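> here we go, the starting part of the complex in its complex frame:
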Amino acid sequence: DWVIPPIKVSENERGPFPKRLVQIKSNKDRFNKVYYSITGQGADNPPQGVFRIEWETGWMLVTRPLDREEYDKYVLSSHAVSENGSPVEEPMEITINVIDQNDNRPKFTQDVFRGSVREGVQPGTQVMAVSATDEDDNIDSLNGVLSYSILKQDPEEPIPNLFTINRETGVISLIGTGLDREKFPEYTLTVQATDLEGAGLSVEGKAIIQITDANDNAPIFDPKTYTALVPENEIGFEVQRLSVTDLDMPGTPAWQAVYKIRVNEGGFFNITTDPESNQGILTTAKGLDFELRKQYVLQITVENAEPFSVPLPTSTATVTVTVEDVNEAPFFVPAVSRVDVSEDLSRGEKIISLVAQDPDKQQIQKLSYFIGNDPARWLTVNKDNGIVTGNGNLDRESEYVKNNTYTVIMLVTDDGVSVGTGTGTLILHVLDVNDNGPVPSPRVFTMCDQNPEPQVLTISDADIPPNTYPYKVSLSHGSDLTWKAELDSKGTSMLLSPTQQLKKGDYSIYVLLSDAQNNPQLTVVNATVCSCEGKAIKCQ
């Protein structure tokens, strides 16, 4: 058909109501009276009564103002019946479009936006982002397009133009330079959005930016030069602690100190760090020792764990140390294999005039010499002059003496001012003299009767050679009660044989030898005889 165009109507209209929109006519009215009515939402349906028609003229009206924001369009159905009561025309659809008007102010997405950036970054860096909206049209008008802006950053210091915002997108960026967490950490700037691309109505928001941290700062010592005293030897011990103040953020690696000495003399120092006021705690690496050095001039520089965000001054601490003195024990010089001395020494004679030395050249402390180790008592010391003399009777020949030795240990004490011990061994070579003289091996025989065979006997000397070289056998009172002497060819033994057919048991034979001579006297080597033929038998 020839339909009927949609009807545009403005919003928030205002004048004298009613307002005729249009007029409709059924031509089938030649016959009876026609009754015009109309139906739909806004008609008889909810919102009832916005539009109504004059049953007799065919006029359509808007009865009151409208807000497209509420309902932006309506569709209606129109009718025409006869007085008799019958419909005449197939109904007719009707449309109305509600044209937008700038009745709406915009509104920010949130009531407050927050942001953050680091202090050392470069100009032209994107920080935050902000939103807002207008409910009016924005597809055929500007009643709903906004334009963003900024008008007041607080801390109007260092300067007041650190940022800008993209008018269309509302994004903010760092424009200037001079950000420092250490002086001004959080800005509060006021934003506004406007109707018709900055032309219409405006509103406010608030965005707040916190500033991350940077290693803008270096560490600073609170003393620059310290001093402490120290002892030579127990040690590995705490000398002095140090103080400092970095200014970036505390629990952070831009706040933790790292040290080191420049030069470690004997490399006898270690230094650690501590999460207190991360003071510098210095200590001794390997004890000290001395009388060698009293002075210690060393320097320690301090850094952070992480590198610096800028060239900065490295700052050292210069420190002086002094070693207190402890006084140590003295010592005999050697451990003496000294005196190759003979057995004939006169009880009270100079053996070893000895001396001991003591470390501490503070030496105005003497000591006393004491002896100590010990198989039995011979020797003697002058305690205030360390003089070892030889008292007593010695005898290389016999008991304690093991290999050609006699080892003895002695002491010495550090007095004068405190304490001390000195353990020193002393081996002294004893010597030989020909003391003893020759002696027979077996002392009792068992001779036989009829024809006894030679009674083997031998010789032994306690002395050391030559002193036991060859012999000379001799038979004293009974050199004839019949007894005849004899030597083995290979030196050592002697052959003892009677020369008479003598008696039934129990009787001695006086013996007498010599080796350089010395002559011993020996003696009786008794002789038990019991009935027989010729071989030395078990007796009775």
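Structure received. Numbers count the residues shown, from 1 in each chain, chains lettered A, B, ... in the order given.
> list phi and psi for residue A:28.
Dihedral angles of residue A:28 (phi, psi; degrees, to the nearest 10) stand at phi -80, psi 20.
> so how far is residue A:29 from the closest residue to it other than its chain neighbours?
Excluding the flanking residues, the one nearest residue A:28 by Cβ to Cβ, 6 or more residues apart in numbering is residue A:88, at 4.4 Å. Using the backbone N, CA and C atoms, a C-beta is placed for each residue, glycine as well. The spacing between residue A:88 and residue A:29, counted by Cβ to Cβ, to the nearest Å, is 8 Å.
> neighbour-wise, which of the two wins?
residue A:88 (16 against 13; other Cβ atoms under 10 Å).
> contacting residues around that one?
Residue A:88 makes contact with A:26, A:28, A:34, A:80-82, according to Cβ atoms under 8 Å, 6 or more residues apart in numbering.
> and the residue nearest to residue A:28, its phi and psi?
Torsion angles, degrees, to the nearest 10, at residue A:88: phi -120, psi -40.
> over to the one 3 residues further on?
Residue A:91 has phi and psi values of phi -40, psi 180 when expressed as degrees, to the nearest 10.
> again with the one 4 residues further on
Reported as degrees, to the nearest 10, the phi and psi values for residue A:95 are phi -120, psi 140.
> for the residue nearest to it when sequence neighbours are not counted, give me its contacts.
Nearest non-adjacent residue to residue A:95, counting by Cβ to Cβ, 6+ apart: residue A:6, 4.2 Å away. Residue A:6 is in contact with A:95-97, counting by Cβ under 8 Å, 6+ apart.
> quick one: residue A:6 from residue A:287, how far?
Using Cβ to Cβ, one obtains 104 Å as the distance from residue A:6 to residue A:287.
> residue A:24 now?
On the measure of Cβ to Cβ, residue A:24 and residue A:287 end up 118 Å apart.
> also residue A:94?
Taking Cβ to Cβ, one finds residue A:94 at 109 Å from residue A:287.
> more crowded one of the two?
Relative neighbour count places residue A:94 above the other of residue A:94 and residue A:287, with 24 against 14, counting by other Cβ under 10 Å.
> who does the more buried one bridge with?
Beta-bridge pairing for residue A:94 (DSSP bridges): residue A:76.
> then add chain B to what we have above:
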Amino acid sequence: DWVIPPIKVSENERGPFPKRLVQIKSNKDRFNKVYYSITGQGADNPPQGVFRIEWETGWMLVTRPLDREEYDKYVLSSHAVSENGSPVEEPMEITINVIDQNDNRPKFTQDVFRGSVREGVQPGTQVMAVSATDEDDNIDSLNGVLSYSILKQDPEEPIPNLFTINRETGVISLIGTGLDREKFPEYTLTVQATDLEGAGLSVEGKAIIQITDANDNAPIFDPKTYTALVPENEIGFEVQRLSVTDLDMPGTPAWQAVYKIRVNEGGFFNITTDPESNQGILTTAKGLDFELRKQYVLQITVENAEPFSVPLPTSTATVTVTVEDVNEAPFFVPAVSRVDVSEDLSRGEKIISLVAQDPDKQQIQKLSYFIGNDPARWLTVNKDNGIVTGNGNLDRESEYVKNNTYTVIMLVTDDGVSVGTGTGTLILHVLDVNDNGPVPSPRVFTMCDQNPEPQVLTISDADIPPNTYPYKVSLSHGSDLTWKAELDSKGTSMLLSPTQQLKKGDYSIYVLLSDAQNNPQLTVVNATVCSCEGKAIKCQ
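Let me add chain B to what's already shown:
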């Protein structure tokens, strides 16, 4: 509903016909085939067939070109029935608006406009007014708004820009200066009107302006100096006529002449004007007279009835007159009570030597003296010398003479060259002489007998005093036939009485008187007597 918008269509469209306008669909076609038709003016109604629809597709078309000027809009009704034959949708109204196109040239209201203005008016004066129209739109386009103009005034002289026209209203006004009915009275200018405020199409008209008249001109004489001759006395008469030429419009007061003399000597001149060539007709106010003046130098200026529309030169006419001569009658000087003359004058004696005078000093014309009035013939005149002598017998005493007078009139005639009369009266004092003498009153008595009483008688003189002073009575032959004389005391009468006793009737008495003397003789005063006693009785 969701109707269907009006359809705009251009006018004088042109391309390949048909032209689809729009397509309609009934959705109730799920069931049968639907048949699309359409109705109305331009459809099935007159203009039939401008639009038609394709029963099966639902397309609407314009079949041929259109002229909004003919029909600027159409309304149509669309239908849709089922094959079975039933309608499905309530019909649908359809509208088409025909948009204007500049197909129309404008046209002047009239084929020729006329106008008129007066020559002396000022620049910036509204004269005519002109109209014209275009039939195309003029409420949303310029297809129908005109712009007026002018492009050719004829008589491109004095200059060619006497006027302008208001482009929007088409009114014309005088812009320049130099209008003269007398040289260029009617302009013919060509006008044009145009489409789109002078932009589109144009056409022509014609406006013609006549120029009213003004008193631009003054009157001019055709002679500047005239002359005429004239006679002394019959008069009030036409001397000379005058000619002139004003140049404005003829039957008009800017063409009628008005005159006047500058100086009217004795105020004896009048001059009128005449609707001929309104010549100046001069005449004589009160006759002239003379021998007093021959010359007349006078001037007459000429104006118009209505003042002048500009300073102009007043132009006079200087004129000379000459008076011809007529010769008049002579006159005795006075009218004479002249001659106190006596009665004794000698017949033929000088009474009044008189003279008369005649006007015209051209005097070489004499006259003749004649007498004329008349009781009887005494006097006489010398006609060629006017001398009145006295012939005859006169007599103061008696007949014609009334009071002491005698009046006579005489004449004199102007000859020599033409004609003349002179009536002059003449009274002449006559005088007294003592002519007559005394005389008795009654001449006949009636006396009585016995004793007659005195017969009274009296006296009378024809003379004038002293000449009749007192008397002297005398009785002649019968101074005694008995008669005795007597005078009255108071002079006049006389007492007559007998002295004898005398006779019976019929007889006279001779009487005789005197007054200076003169002596009269009188006479007989007869006396009739009849019988009696004493009183004068009636007789017998």
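> what do you get for the contacts of residue A:88 once chain B is counted?
Going by Cβ atoms under 8 Å, 6 or more residues apart in numbering or on different chains, residue A:88 touches A:26, A:28, A:34, A:80-82, B:90.
> need the buried ones from these selected in PyMOL.
To isolate the buried ones among the contacts of residue A:88 in PyMOL, judged by 16 or more other Cβ atoms under 10 Å in any protein chain shown, type:
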select buried, (chain A and resi 26+34+80+81+82) or (chain B and resi 90)
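> can you say which two of the contacts of residue A:88 are spatially most distant?
Greatest spacing in the contacts of residue A:88, by Cβ to Cβ: A:82 and B:90 (13.2 Å).
> the most centrally placed residue in chain A: what's it in contact with?
Chain A has residue A:272 as the residue nearest its centroid, 8.9 Å off, counting by Cα atoms, centre = their mean. Counting by Cβ under 8 Å, 6+ apart, residue A:272 makes contact with A:281, A:283.
> for it, list each beta-bridge partner.
Beta-bridge partners, per DSSP bridges, of residue A:272: residue A:281.
> find the closest residue to chain B in chain A.
Relative to chain B, the nearest point of chain A is residue A:4 (1.4 Å; Cβ to the nearest Cβ).
> make JSON lines out of the contacts of residue A:88 and add secondary structure and distance to residue B:296.
Listed next are the contacts of residue A:88 as JSON lines, based on DSSP: H, G, I helix; E, B strand; the rest coil; distance: Cβ to Cβ, whole Å:
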{"residue": "A:26", "secondary structure": "coil", "distance to residue B:296": "110"}
{"residue": "A:28", "secondary structure": "helix", "distance to residue B:296": "112"}
{"residue": "A:34", "secondary structure": "strand", "distance to residue B:296": "111"}
{"residue": "A:80", "secondary structure": "strand", "distance to residue B:296": "113"}
{"residue": "A:81", "secondary structure": "strand", "distance to residue B:296": "118"}
{"residue": "A:82", "secondary structure": "strand", "distance to residue B:296": "116"}
{"residue": "B:90", "secondary structure": "coil", "distance to residue B:296": "116"}
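> could you dump the contacts of residue A:88 to JSON lines with distance to residue A:136?
Below are those laid out as JSON lines (distance: Cβ to Cβ, whole Å):
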{"residue": "A:26", "distance to residue A:136": "40"}
{"residue": "A:28", "distance to residue A:136": "44"}
{"residue": "A:34", "distance to residue A:136": "42"}
{"residue": "A:80", "distance to residue A:136": "38"}
{"residue": "A:81", "distance to residue A:136": "42"}
{"residue": "A:82", "distance to residue A:136": "46"}
{"residue": "B:90", "distance to residue A:136": "39"}
